[PDB]
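Keep in mind that the numbers below use all heavy atoms, side chains included, and drop hydrogens, waters and symmetry copies. First listed ligand is number 1; within each ligand, the first listed atom is number 1. Numbering of residues begins at 1 and proceeds along the displayed sequence.
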Amino acid sequence: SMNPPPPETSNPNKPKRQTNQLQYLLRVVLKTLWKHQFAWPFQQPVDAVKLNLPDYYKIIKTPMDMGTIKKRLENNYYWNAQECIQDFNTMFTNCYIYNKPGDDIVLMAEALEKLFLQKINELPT
Ligand SMILES: Cc1noc(C)c1-c1ccc2c(c1)nc(CCc1ccccc1)n2CCN1CCOCC1
Ligand SMILES: [K+]
């Protein structure tokens, strides 16, 4: 089979707000990870057709990526900062579920996760 539609990035039924935390998550946390040497494979949904991963969406039923997170931030999709942190954790955990220890892509996820945790540590109050 092919790819699912990507995660929703807009909900017109959801109220919106801007906050110091949500702004930092886009401008500091997401920007930093995005510009990292290992970011590209995480900048859009996993495309199982192009990567030839016919079991990807059999194993992964809650896909997430930084392209989606970026759009969710830009669209003010997130009301709670926790929702965004969750999405970043889902993204890493997926990489660890599907792939094997020591795989290039696992090593890249580990580095991005380490940096994420360094940046989240400085979330403003
Ligand atoms: C994340 C993730 N979780 O599970 C897998 C598998 C990946 C994964 C794992 C690896 C990923 C990748 C995603 N995206 C790319 C680069 C973008 C791309 C390139 C070609 C076709 C579609 C997208 N790569 C690198 C793919 N190249 C293929 C050619 O050999 C070197 C690596
Ligand atoms: K509103």
Between [X] and [Y]: side-chain donor-acceptor atoms closer than 3.5 Å:
X: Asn3; Y: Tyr56; value: no
X: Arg17; Y: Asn80; value: yes
X: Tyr78; Y: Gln86; value: no

(message) Does anything in residues 5-14 form a salt bridge (charged side-chain N to carboxylate O under 4.0 Å, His left out)? List the pairs, not counting sequence neighbours.
(response)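 For residues 5-14, and leaving out neighbouring residues, the salt bridge (charged side-chain N to carboxylate O under 4.0 Å, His left out) pairs sorted by first residue read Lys14-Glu83.
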(request) Could you note down all residue pairs passing salt bridge (charged side-chain N to carboxylate O under 4.0 Å, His left out) where residues 25-42 supplies at least one of them, sequence neighbours left out? (result)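 Those involving residues 25-42 do not exist here.
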Using a 3.5 Å cut-off on N/O to N/O, what pairs does ligand 1 make with the protein? A line per pair would be great.
| from | atom 1 | to | atom 2 | distance (Å) |
| --- | --- | --- | --- | --- |
| ligand 1 | 4 (O) | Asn99 | ND2 | 3.1 |

(request) Tell me, please, which residues at least two apart from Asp65 pass salt bridge (charged side-chain N to carboxylate O under 4.0 Å, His left out). (result)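 Per chain and number, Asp65 pairs via salt bridge (charged side-chain N to carboxylate O under 4.0 Å, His left out) with no residue.
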